[PDB]
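Encoded as structure tokens, the following chain is the form deposited in one PDB entry, with no partner shown.
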């Protein structure tokens, strides 16, 4: 019912202002949040901020100074403006829609890459180890996520990503599979310790898996575990 598409320049000069647009299509909505999320070289996901259905904004403290997220509802668009960019802002930028009245779904755009030529805060860090893992098909596979402080298990999510594709919501609220996910997948955990399991590894499960916490602000993502198959 909802599609998002990011657009804007692929290249920006240092100290310039990065501007991106998110064109929203599909069905009309009565609530929710439009979030900008970017993914660095190396694949770390960074939660930037959102604008709600009532125009409320939240900005990650580490950007607070430089960022604004606005809407133009008559033309169904949401905007990202980032001032004073540097090489550290080089990333793929995604917009995403979520309705907290429906925990089980999240929509992402395709993502658009951008290369570049205030206020304090705190964050839960999420560690996924190992960073890379190989397994044979048929093996039972377990990926872990360790949070530096407790998080609510209803707000611990997992994503899958394949090369040339945006993250898809894989598990929500620790143990609930999302639409599109085979039932060989499971999840479990609590407090600071969470896991994702594949009962039997299929070839199509080779992908990157990120955990994600939106129990505490700013929401954060783990560094990811890249899961590979064995046998060339």
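Think of the rigid core as the biggest set of C-alphas that the two forms share within 1.5 Å after superposition. Positions refer to the first chain, counted from 1.
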I want to verify a possible break: how many residues of the deposited sequence sit between residue 117 and residue 118 without any coordinates (none, 1 to 3, 4 to 9, 10 or more)?
10 or more
Residue stretch of maximal mean CA temperature factor, 170 to 178 vs 60 to 68
60 to 68
Avg C-alpha B-factor, entry values, 76 to 84 vs 152 to 160, higher side is 76 to 84
Residue with maximal Cα B-factor (values as given in the PDB entry) among 191, 41, 55, 32:
41
Using the temperature factors in the entry, find which of 16, 208, 21, 216 has the highest value at its Cα atom.
16
Among modelled residues of the same chain, the CA temperature factor third for residue 131
middle
Which third, lowest, middle or highest, does the CA B-factor of residue 222 fall in along this chain?
lowest
Comparing against every modelled residue in the chain, figure out the third that the C-alpha B-factor of residue 113 lands in (lowest, middle or highest).
highest
Please rank the C-alpha B-factors of the chain's modelled residues and tell me whether residue 200 sits in the lowest, middle or highest third.
middle
On the chain's distribution of Cα B-factors, residue 105 falls within the third called highest
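FYI, the form deposited in another entry isn't displayed, but the following is about it.
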After superposing on the rigid core, which residue among 41, 191, 55, 26 shows a C-alpha displacement of 2 Å or more between the shown form and the other one?
26
Large Cα shift (2 Å or above) at residue 72 between the shown form and the other one, core-fitted:
no
Does residue 103 count as moved between the shown form and the other one, where moved means a C-alpha shift of 2 angstroms or more after fitting the rigid core?
yes
Given that the CA-CA distance for residue 54 and residue 104 shifts by 3 Å or more in that other deposited form, does it become closer or farther?
closer
Knowing the shift is 3 Å or more, I'd like to know if the C-alpha atoms of residue 194 and residue 103 are closer or farther apart in that other deposited form than in the shown chain.
farther
